[PDB]
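Before any questions on how it binds or moves, here is one chain, the form deposited in one PDB entry, in structure tokens.
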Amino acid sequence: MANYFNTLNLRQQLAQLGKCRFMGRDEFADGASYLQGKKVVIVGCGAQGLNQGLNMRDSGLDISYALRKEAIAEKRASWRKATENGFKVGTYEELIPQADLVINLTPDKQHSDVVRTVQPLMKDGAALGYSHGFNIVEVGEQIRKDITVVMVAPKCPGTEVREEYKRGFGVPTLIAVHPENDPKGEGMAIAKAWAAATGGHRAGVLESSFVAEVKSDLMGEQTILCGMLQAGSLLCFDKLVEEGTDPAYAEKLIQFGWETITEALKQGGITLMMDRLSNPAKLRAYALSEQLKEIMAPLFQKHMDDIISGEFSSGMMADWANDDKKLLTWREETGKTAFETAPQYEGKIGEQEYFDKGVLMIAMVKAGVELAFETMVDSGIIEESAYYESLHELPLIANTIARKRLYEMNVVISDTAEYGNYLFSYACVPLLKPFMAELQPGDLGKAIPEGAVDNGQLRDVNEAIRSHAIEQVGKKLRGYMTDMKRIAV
């Protein structure tokens, strides 16, 4: 079971790495029709499985859920959810053999066990679907030649997928067809119909590839999404305490800061997030970010490089086979950090206060997101892909920390993201120690007084921020999506 990406030569790798194309609304004229009157069987009934299923049934598709025998006998939540929503439910043996499309909506770490049990039961020329590409790409799962393999990957959790669909809208979605498995050349038609049936074509669909989705997803989560938020949380909390800030106040500042500042990010990219600062604070935030980018570039590059080479996934899967020893160890250490155990301040912290007292947090967001984006683009990944696996997802991850700290983040995300996070975090914390030691008053925990700044410098900083390539694609893609949302009224 060799890593699939590694069986490809440079030209072949680039061809897939660079696959990303925001699709025309027109391209989905046939809607879900191609799948009408065919048997669609979802494996598992979890977050994505139930919610994609609800949407697809509403779109006219025949959906049923294949569960393990013991899931049915034990009345697992999956079986209860499926049956209470009036779906047909059965065993692999009763449902897989007739299925035209088998949709694998189980946790990624489990995909080998699932695919290997399900394939032999699938009829000739049936299609196998994934919502994430790790199994095909990193594991190198071999799919029987006559089977068509496709991906439809919503960029939101299942509940949002269902909710947006109900209100006549939907969620941005990525699609792909695995070229080793498109024997009848119907991959795209199946994927487009599946995507349309979940409502994706209402919000924007990107034609991509298993390889691009996987490589960019891993880079984003390891560096900016989880790695940086964890490293940043520990560094900043420790620094605040070390400089005399009340621990409970420091813990709340950090717990809710990322969420507050990334909400400006969600609304208008790095540009708006920086704009919420006073002018002198913006200039300082910009400079801190530049120093951060310079210090962290080799680390971000190492991560992209290991992701590309297969060294990342190979190393992690060795931990999987050794009972997640390293994961569990790092998770335990994480749960013992001062920030994770700190008491939480009780009084109010005003919205602007998170910005003004979090100059360094803003700079860490900017530096990490730009570095992740640049390093991906430098590795053959297209801007749009890099954007969706970095800046786009940041606010949601910030939300989890707000809910229940690093603990909540690390249980909400996949084992792959968690492991990825620790690998980065435990390198990045030591790395930034000298840097943290030289912070200046105003950098963290105290507002930098608004006031006069040099006209030229202000102009140059504003221009440097908004002209960053991630701000340009961001402004464009958010523009598309806003337009789509408006149309759906």
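By rigid core we mean the largest C-alpha set that fits within 1.5 Å across both forms. Residue positions are given as counts along the sequence shown, with the first one as 1.
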Item to complete: Look over 38-46 and 420-428 in the entry and identify the one with the greater average Cα temperature factor.
Response: 38-46
Fill in: 279-287 or 184-192, whichever carries the higher mean Cα B-factor
184-192
Worksheet entry | Highest recorded Cα temperature factor - choice among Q301, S233, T117, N135 | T117
Worksheet item: In the PDB entry, which of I448, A464, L458, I63 has its C-alpha at the highest B-factor?
Response: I448
Response to the item:
Of the three thirds of Cα B-factor ranks in this chain, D415 occupies the lowest
Worksheet item: Going by the entry, which third of its chain does the Cα temperature factor of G227 land in?
Response: lowest
Worksheet item: Hey, what third does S314 fall into on Cα B-factor, ranked over its chain?
Response: middle
Practice prompt. Report the third (lowest, middle or highest) to which the CA temperature factor of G442 belongs, ranking only the modelled residues of the same chain.
Written response: lowest
Worksheet, complete the sentence: In terms of its chain's C-alpha B-factors, the third that includes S379 is the lowest
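Here the subject shifts to the form deposited in another entry, a form of this protein not shown in this document.
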Worksheet item: For the list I270, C156, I308, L299, which one shows a CA move of 2 Å or more between this form and the one not shown after the core is fit?
Response: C156
Practice prompt. Would you say whether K166 is displaced between this form and the one not shown, judging by a C-alpha shift of 2 Å or more on the superposed rigid core?
Written response: yes
